[PDB]
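Structure first, commentary second.
FYI, it's all coordinate maths here, none of it is from the lab. We place every Cβ from the backbone using ideal geometry, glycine too, and count neighbours over all the protein chains shown.
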Amino acid sequence: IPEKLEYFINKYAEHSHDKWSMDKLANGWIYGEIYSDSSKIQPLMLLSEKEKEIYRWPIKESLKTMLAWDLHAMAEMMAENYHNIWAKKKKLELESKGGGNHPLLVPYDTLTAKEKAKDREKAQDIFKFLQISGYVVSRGXXXXXXXXXXXXXXXXXXXXXXXXXXX
């Protein structure tokens, strides 16, 4: 990973903190030492410091994925990355602890239209954050050509027919 992408990760963390703090001021949450969800006190003003820390790694993983591998296509591909790693973890823990079957034990195509939006929300967020800076990424006539190919095929067929007539 390059160093100004190292910058970009810190800038993303900062702006995610700014959006979360916008939510904090919108809902009127106030900081405190004690941890609780009903009394409206937070040690990092719901989220623990670890519980914001954890969102640091999946961005790096998805970014490595985009580096090793249009806009909506990359969005749904990052969303599929998220859902695939989520399904992998859930399947491993199910086969580990003997858990029951989940309704998400299906491929990404048969799935419903709602989880689509659920997994594309943050994908669109990080993609906005990506295009704000300037870094542009991608995946990494025809009729005339088809007509020409058909003509060549017809010529070959005519040659074959002439040969057959000779035979």
I need the phi-derived Karplus couplings for segment 158-167: 6.51 cos²θ - 1.76 cosθ + 1.60, θ = phi - 60°, integer Hz, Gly and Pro marked x.
5, 4, 4, 5, 4, 4, 5, 5, 5, 6
Quick one: which of 100-111, 48-59 comes out on top by average Cβ neighbours within 10 Å, and what's the full order, highest first?
48-59, 100-111
Under the 0.36 nm per residue contour assumption, what length would be gained going from the current alpha-carbon distance of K90 and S133 to full extension?
12.0 nm
Pop a pseudo-label 7 angstrom from the Cα along the beta-carbon direction at both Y35 and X161 and give the gap in nm to one decimal.
8.2
Tell me the label-point distance for the pair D125, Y55, using the 7 Å Cα-to-Cβ offset, in nm and rounded to one decimal.
0.4
Cross-link list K19/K88; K50/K114; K97/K122; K90/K118; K4/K128; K11/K64: which exceed 19 angstrom alpha carbon to alpha carbon?
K19/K88; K50/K114; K97/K122
Kindly rank 5-15, 89-99 from highest to lowest mean number of other beta carbons found within 10 Å of each residue.
5-15, 89-99
Classify segment 95-155 as rounded, prolate or oblate, taking a ≥ b ≥ c as the square roots of the eigenvalues of its Cα gyration tensor: rounded when a/c is under 1.5, otherwise prolate if a/b is larger than b/c and oblate if not.
oblate
Taking a ≥ b ≥ c as the square roots of the Cα gyration tensor eigenvalues, with a/c under 1.5 meaning rounded and otherwise prolate when a/b beats b/c or oblate if not, segment 1-144 comes out oblate
